[PDB]
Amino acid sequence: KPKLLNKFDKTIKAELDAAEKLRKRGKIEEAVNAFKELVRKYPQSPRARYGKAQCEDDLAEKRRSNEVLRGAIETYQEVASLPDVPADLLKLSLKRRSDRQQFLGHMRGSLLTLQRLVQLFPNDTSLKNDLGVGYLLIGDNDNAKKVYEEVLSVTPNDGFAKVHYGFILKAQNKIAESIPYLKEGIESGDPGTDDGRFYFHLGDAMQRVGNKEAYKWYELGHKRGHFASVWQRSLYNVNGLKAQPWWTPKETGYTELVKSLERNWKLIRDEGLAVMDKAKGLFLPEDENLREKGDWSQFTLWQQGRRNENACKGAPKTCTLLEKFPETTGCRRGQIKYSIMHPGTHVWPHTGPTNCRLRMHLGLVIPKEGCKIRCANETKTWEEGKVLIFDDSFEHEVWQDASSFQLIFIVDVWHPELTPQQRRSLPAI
């Protein structure tokens, strides 16, 4: 279908085809040499240059080499600098360049490539949608929003644009506004809309506004393979890990960690209160839009498996105690942190991002009335000096209606069924 050959390339099609046959037969090293010779003999040939880039791309997959891929990324750009490049080939080459820049984490680089694509192909809506994803991947939600607004003003029923616009509105706490965009977008069935992120956030926006249709979307998201269940809606999962909302210490196997937290809970409490009293700005406000109302702040000692040295200056004995327990200090998908929540707080039903951790809570200052936590269908309370353990990839919800503050210590552990290999290899969250 695509027209990749300019006038001159059509005259050398036999040599170009021979080289591409070598790549398709998996003879990647012979194919790079064949296209390198064609680039030498025919330095202005766009098809020869694209073949070299594609072979380098395949070679980077074979060798699993970022450096080889950076070479391919440069050659794809070279294609676009040559004279007379057919439009289909220019679009293929820069699109793959951007895609590979993203694979490498070169998000600013990918963004420049996508901006260039939109300038070169000003009527191609899918390229603007791709540029919007570029902005979202670098956290620039304001520019992503402007991009999807432009797309929607030309093509108002583009479902990819609607679900991404809906995602942005929801992230900005424009909850009611986000619902029709997320809903219509998923309903379009357009490519790219069948995505657990959009089911997750449509259901959640619905819950926040009191729309009882929420769980029908969770059910559909489960049927479509996006969620382990309607209750457990995390999106960064390892399939097959034991799934239950509440755990006992013995079920986790981390009984030595739990005994240490419970034997030594007063030191952990006292260091948290000293920060409250003398260094309270180390407690940072919860910043993931999880509160309906109230005040909730957290003081983090470890995140992504990395000790915060300045924070541990503020709780040195607690950090010394916890460093004996790599099941939590090396949990690169969880945190170790103090949490303070005050009366008048309600935390929306929500889900953490991953089924790869379990969340321990050690009670430190627990008012006798008014504090409770629901996980899935079961609500519990805390006790001073005692650990509760739940899987926060299940929907959970908290109310603080006491007459004084609540302080807990949160300790994430690797899910116990994860092998050491997985604990080494899983990307941090």
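Residue numbers run from 1 along the displayed sequence.
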Stretch with higher mean Cα temperature factor, 396 to 404 vs 32 to 40, is 32 to 40
Per the PDB record, is the mean Cα temperature factor higher over 44 to 52 or over 62 to 70? 62 to 70
According to the deposited entry, which of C331, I168, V151, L301 has the largest Cα B-factor? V151
Residue with maximal Cα B-factor (values as given in the PDB entry) among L322, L90, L220, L273: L220
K278, C-alpha B-factor rank within chain (lowest, middle or highest third): middle
Of the three thirds of Cα B-factor ranks in this chain, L5 occupies the highest
Where the record places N237 (Cα B-factor, split into thirds across the chain): middle
Classify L131 as lowest, middle or highest third according to the C-alpha B-factor given in the PDB entry, relative to its own chain. middle
What third of the chain does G370 rank in for C-alpha temperature factor, lowest, middle or highest? middle
